[PDB]
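Asks: coordinates for the following, if possible.
(one chain, ligands or ions: 1)
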Amino acid sequence: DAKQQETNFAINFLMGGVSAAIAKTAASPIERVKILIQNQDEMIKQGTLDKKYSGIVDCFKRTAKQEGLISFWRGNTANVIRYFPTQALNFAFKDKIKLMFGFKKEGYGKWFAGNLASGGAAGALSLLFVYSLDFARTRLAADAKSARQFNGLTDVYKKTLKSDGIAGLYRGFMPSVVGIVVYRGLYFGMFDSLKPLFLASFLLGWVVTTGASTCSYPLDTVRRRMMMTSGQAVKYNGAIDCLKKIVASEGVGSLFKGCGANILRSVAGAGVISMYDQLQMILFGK
Ligand SMILES: C=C1[C@@H]2CC[C@H]3[C@]4(C)C[C@H](O[C@@H]5O[C@H](CO)[C@@H](OS(=O)(=O)O)[C@H](OS(=O)(=O)O)[C@H]5OC(=O)CC(C)C)CC(C(=O)O)(C(=O)O)[C@H]4CC[C@]3(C2)[C@H]1O
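Replies: Numbers count the residues shown, from 1 in each chain. The protein structure is shown below:
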């Protein structure tokens, strides 16, 4: 029944995309609010933004009043598409990389280092095909009417390639990869430590997710702000250079802009994926 297995894997893959699509679409408005607050200083420099966002509520109000309600899903297609090339790469190469750099968990230290190498390589290899979509997501979520900078998703690609080339599409690759490693190490480290300590299960997952993402957030900020420099006259000479200039100009706190908005996005995604699981449990067997 190899053919039946092939059909099973095919249905599992496609329906997985649907689950991911709904989850990301549901928490899409809060996601754009995060991206707006996070890269507002870049917009102010570019002249796209008039005044700094006073907060999450202020971001919601201004965006809704100036652009509308549908504008909160601007860039969402990138998140929808990104599933298939990611998971295809996931199901193909992730296990081999784990078999290449991994050590049996039954020493913790050697397993920890192995997980970083495996997670880093898998993340980087996936980003080679994926990163362009995340870039377009951020840029579409960023450009606003004061006269939009980009007409659409594919418009981003055309204008970025015409100005910077393929390099412009991969702005902030290094701090993204490092971010993946740091996030993963923090995730697994925190999870195993709090493991011996369902509502309890859901709360546990939220704590680890919040902690790991918060500490690795400055890396995410630098990544997104480097995406903003694509097609612009002035650009940072690296993530470290970007990091240095941010602190010297706006302070350390500027690296954590939109962090709280990101936490809200997390509980929204986790929330709606649980709801859909129950809905899926009723319609389909699994
Ligand atoms: C610098 C940063 C900050 C820290 C690292 C990343 C993630 C958190 C990194 C996170 O990275 C995820 O971490 C998970 C837990 O370790 C890991 O799961 S696990 O391996 O099974 O344990 C995922 O691997 S995967 O094979 O299932 O897909 C991995 O996603 C990827 O590696 C795919 C890449 C295309 C990203 C994915 C992601 C997420 O929020 O979940 C995502 O892309 O949605 C990132 C958001 C952006 C930042 C935020 C990046 O800007």
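Asks: residue 250 - nearest residue in space that isn't next to it in sequence?
Replies: Counting by C-beta to C-beta, 6 or more residues apart in numbering, residue 250 lies nearest to residue 41, which is 6.3 Å off, once chain neighbours are set aside. Just so you know, the C-beta spots here come from the backbone N, C-alpha and C atoms, and that holds for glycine as well.
Asks: what's in contact with the strand or helix carrying that neighbour?
Replies: For residue 41, the host element (DSSP states H and E) is helix 40-46. For helix 40-46, the external contacting residues (C-beta atoms under 8 Å, 6 or more residues apart in numbering) are 36, 49, 52-53, 142, 144, 225, 228-229, 232, 250, 254, 257.
Asks: try stretch 202-217
Replies: Counting by C-beta under 8 Å, 6+ apart, residues outside stretch 202-217 touching it are 179, 182-184, 186-187, 190-191, 194, 197, 220, 255-256, 259, 262-263, 266-267, 270, 274.
Asks: and that stretch, how far out from the chain middle?
Replies: With C-alpha atoms, centre = their mean, to the nearest Å as the basis, stretch 202-217 stands 14 Å off its chain's centre.
Asks: list the buried residues for that stretch?
Replies: Using 16 or more other C-beta atoms under 10 Å as the test for burial, stretch 202-217 gives 204, 208, 209, 210, 211, 212, 213, 214, 216, 217.
Asks: looking at those, which is nearest the ligand?
Replies: Nearest to the ligand among the buried residues of stretch 202-217: residue 216, at 4.1 Å, using C-beta to the nearest ligand atom.
Asks: quick check, the residue in this protein closest to the ligand?
Replies: For the chain, C-beta to the nearest ligand atom, closest residue to the ligand: residue 179, 2.1 Å.
Asks: kindly list the longest helix within this protein.
Replies: helix 108-142 (DSSP state H).
Asks: now do it: which elements does it pack against?
Replies: For helix 108-142, the elements it packs on are helix 28-38, helix 76-101, helix 153-163, helix 166-169, helix 173-193, helix 217-228, judged by 3 or more C-beta pairs under 8 Å, 6 or more residues apart in numbering; DSSP states H and E.
Asks: contacts for the shortest one, please.
Replies: Residues from elsewhere that reach helix 166-169, judged by C-beta under 8 Å, 6+ apart: 131, 132, 135, 157, 160, 161, 230, 231.
Asks: give me the ChimeraX select line for those, limited to the buried ones.
Replies: Applying 16+ other C-beta under 10 Å to those, the buried members can be selected in ChimeraX as follows:
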select :131,132,135,157,160,230,231
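Asks: any chance of the contacts of helix 166-169 in JSON lines, with distance to the ligand too?
Replies: As requested, those are exported to JSON lines (distance: C-beta to the nearest ligand atom, whole Å):
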{"residue": "131", "distance to the ligand": "8"}
{"residue": "132", "distance to the ligand": "11"}
{"residue": "135", "distance to the ligand": "11"}
{"residue": "157", "distance to the ligand": "18"}
{"residue": "160", "distance to the ligand": "18"}
{"residue": "161", "distance to the ligand": "21"}
{"residue": "230", "distance to the ligand": "15"}
{"residue": "231", "distance to the ligand": "20"}
